[PDB]
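Asker: Before I ask anything, let me first share the structure, which is written out below as structure tokens.
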Amino acid sequence: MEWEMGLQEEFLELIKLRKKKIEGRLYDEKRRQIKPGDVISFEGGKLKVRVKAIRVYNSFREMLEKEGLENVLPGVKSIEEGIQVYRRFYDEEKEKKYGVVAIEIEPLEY
């Protein structure tokens, strides 16, 4: 039971910053399989993270508003800007389909 992924180094560090914040991401198929009790290797083993718990919300707004914008998207200009990031990446239909699930990740690498 191991998950593997890849993302820009800059994005990796973000995860390290999410160790005290949170990480959003519309629930998907792969995510559905992702449960709080494993590890996710990024870029092979550049950034290792282990699911802590899964959550579900109404939308990014409620997530950034409830969970926290900066507690989800570090660097975001604003809540509105954040949603845009999720909109460009995540489709609105899919999102409206399920919603949003703040997957709490914690890199145990450092």
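Going by the structure tokens order, chains are called A, B, ..., each with residues numbered from 1, while ligands are numbered from 1 in the order shown.
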Give me the residues within 12 Å of residue 62 of chain A as a list in words, counting only C-alpha atoms and dropping any in the same chain fewer than 4 places off.

Answerer: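 Counting only C-alpha atoms, the residues come to residues 24, 56, 57, 58, 66, 67, 68, 69, 72, 79, 80, 82, 83, 99, 100, 101 and 102 of chain A.
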
Asker: Write out as an MDAnalysis selection string the residues lying within 10 Å of residue 15 of chain A, counting only C-alpha atoms and excluding same-chain residues fewer than 4 positions away.

Answerer: chainID A and resid 10:11 19:23 47:49 72:74 104:107

Asker: Could those selected residues go to a file with N, CA, C and O atoms, as an mmCIF file, in the first residue's frame?

Answerer:
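Saved the output as out05.cif:
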data_model
loop_
_atom_site.group_PDB
_atom_site.id
_atom_site.type_symbol
_atom_site.label_atom_id
_atom_site.label_comp_id
_atom_site.auth_asym_id
_atom_site.auth_seq_id
_atom_site.Cartn_x
_atom_site.Cartn_y
_atom_site.Cartn_z
ATOM 1 N N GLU A 10 9.059 23.270 -6.134
ATOM 2 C CA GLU A 10 8.462 24.386 -5.421
ATOM 3 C C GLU A 10 7.152 23.953 -4.759
ATOM 4 O O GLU A 10 6.827 24.405 -3.664
ATOM 5 N N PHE A 11 6.435 23.082 -5.454
ATOM 6 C CA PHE A 11 5.168 22.582 -4.948
ATOM 7 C C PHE A 11 5.388 21.576 -3.816
ATOM 8 O O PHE A 11 4.531 21.416 -2.948
ATOM 9 N N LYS A 19 2.339 20.924 6.564
ATOM 10 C CA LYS A 19 2.483 20.035 7.704
ATOM 11 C C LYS A 19 1.906 20.710 8.950
ATOM 12 O O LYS A 19 1.746 20.072 9.988
ATOM 13 N N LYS A 20 1.609 21.993 8.803
ATOM 14 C CA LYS A 20 1.053 22.762 9.904
ATOM 15 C C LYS A 20 -0.190 23.511 9.420
ATOM 16 O O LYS A 20 -0.754 24.323 10.151
ATOM 17 N N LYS A 21 -0.581 23.212 8.190
ATOM 18 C CA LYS A 21 -1.747 23.846 7.599
ATOM 19 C C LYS A 21 -2.717 22.768 7.110
ATOM 20 O O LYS A 21 -3.277 22.022 7.913
ATOM 21 N N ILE A 22 -2.885 22.720 5.798
ATOM 22 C CA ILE A 22 -3.777 21.745 5.192
ATOM 23 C C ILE A 22 -3.530 21.704 3.683
ATOM 24 O O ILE A 22 -2.779 22.518 3.150
ATOM 25 N N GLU A 23 -4.177 20.745 3.036
ATOM 26 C CA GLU A 23 -4.038 20.585 1.599
ATOM 27 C C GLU A 23 -5.371 20.162 0.980
ATOM 28 O O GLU A 23 -5.869 19.071 1.254
ATOM 29 N N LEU A 47 9.750 13.908 -1.862
ATOM 30 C CA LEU A 47 8.867 14.375 -0.808
ATOM 31 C C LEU A 47 7.931 13.238 -0.392
ATOM 32 O O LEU A 47 7.076 12.817 -1.170
ATOM 33 N N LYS A 48 8.126 12.772 0.834
ATOM 34 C CA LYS A 48 7.310 11.692 1.362
ATOM 35 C C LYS A 48 6.270 12.269 2.325
ATOM 36 O O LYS A 48 6.599 13.088 3.182
ATOM 37 N N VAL A 49 5.036 11.818 2.153
ATOM 38 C CA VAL A 49 3.946 12.278 2.996
ATOM 39 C C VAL A 49 3.077 11.085 3.396
ATOM 40 O O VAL A 49 3.022 10.085 2.680
ATOM 41 N N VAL A 72 -4.233 26.293 3.300
ATOM 42 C CA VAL A 72 -4.480 25.340 2.232
ATOM 43 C C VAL A 72 -3.592 25.683 1.034
ATOM 44 O O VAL A 72 -2.873 24.826 0.524
ATOM 45 N N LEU A 73 -3.672 26.939 0.619
ATOM 46 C CA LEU A 73 -2.885 27.405 -0.510
ATOM 47 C C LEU A 73 -1.926 28.501 -0.039
ATOM 48 O O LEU A 73 -2.303 29.669 0.042
ATOM 49 N N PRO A 74 -0.672 28.074 0.268
ATOM 50 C CA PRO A 74 0.344 29.005 0.729
ATOM 51 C C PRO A 74 0.878 29.850 -0.429
ATOM 52 O O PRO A 74 1.502 29.324 -1.351
ATOM 53 N N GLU A 104 -5.540 16.150 4.717
ATOM 54 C CA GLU A 104 -4.446 16.553 5.583
ATOM 55 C C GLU A 104 -3.224 15.664 5.343
ATOM 56 O O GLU A 104 -3.259 14.467 5.622
ATOM 57 N N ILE A 105 -2.173 16.284 4.826
ATOM 58 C CA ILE A 105 -0.942 15.564 4.545
ATOM 59 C C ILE A 105 0.158 16.055 5.489
ATOM 60 O O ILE A 105 0.161 17.217 5.892
ATOM 61 N N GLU A 106 1.065 15.145 5.813
ATOM 62 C CA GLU A 106 2.168 15.471 6.700
ATOM 63 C C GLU A 106 3.431 14.720 6.276
ATOM 64 O O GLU A 106 3.527 13.508 6.457
ATOM 65 N N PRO A 107 4.394 15.492 5.704
ATOM 66 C CA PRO A 107 5.647 14.913 5.251
ATOM 67 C C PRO A 107 6.561 14.591 6.435
ATOM 68 O O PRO A 107 6.957 15.486 7.180
#

Asker: What are the DSSP helix (DSSP H, G or I) residues of chain A, as a ChimeraX atom specification?

Answerer: /A:9-17,29-33,60-68,79-89,92-97

Asker: Between A:88, A:46, A:31, A:94, which has the minimum distance to residue 6 of chain A (counting only C-alpha atoms)?

Answerer: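 With only C-alpha atoms as the atom set, the closest residue is A:46.
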
Asker: Pick from A:87, A:25, A:97, A:30: nearest to residue 63 of chain A, with only C-alpha atoms counted?

Answerer: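 Under the stated criterion, the closest residue is A:25.
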
Asker: Using only C-alpha atoms, which of the listed residues (A:65, A:92, A:103, A:76) sits closest to residue 36 of chain A?

Answerer: A:103

Asker: How many Å lie between atom CA of residue 109 of chain A and atom CA of residue 35 of chain A, rounded to one decimal?

Answerer: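 Computing the Euclidean distance for atom CA of residue 109 of chain A and atom CA of residue 35 of chain A yields 19.3 Å.
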
Asker: Between A:43, A:91, A:28, A:81, single out the one closest to residue 8 of chain A, counting only C-alpha atoms.

Answerer: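 Answer, going by the shortest atom-to-atom distance: A:43.
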
Asker: Ranking A:52, A:40, A:86, A:96 by minimum distance to residue 64 of chain A and counting only C-alpha atoms, which one comes first?

Answerer: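 Checking each of A:52, A:40, A:86, A:96 against residue 64 of chain A, counting only C-alpha atoms, the winner is A:86.
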
Asker: In Å, how far is it from atom CA of residue 51 of chain A to atom CA of residue 34 of chain A?

Answerer: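 Between these atoms lies a distance of 7.7 Å.
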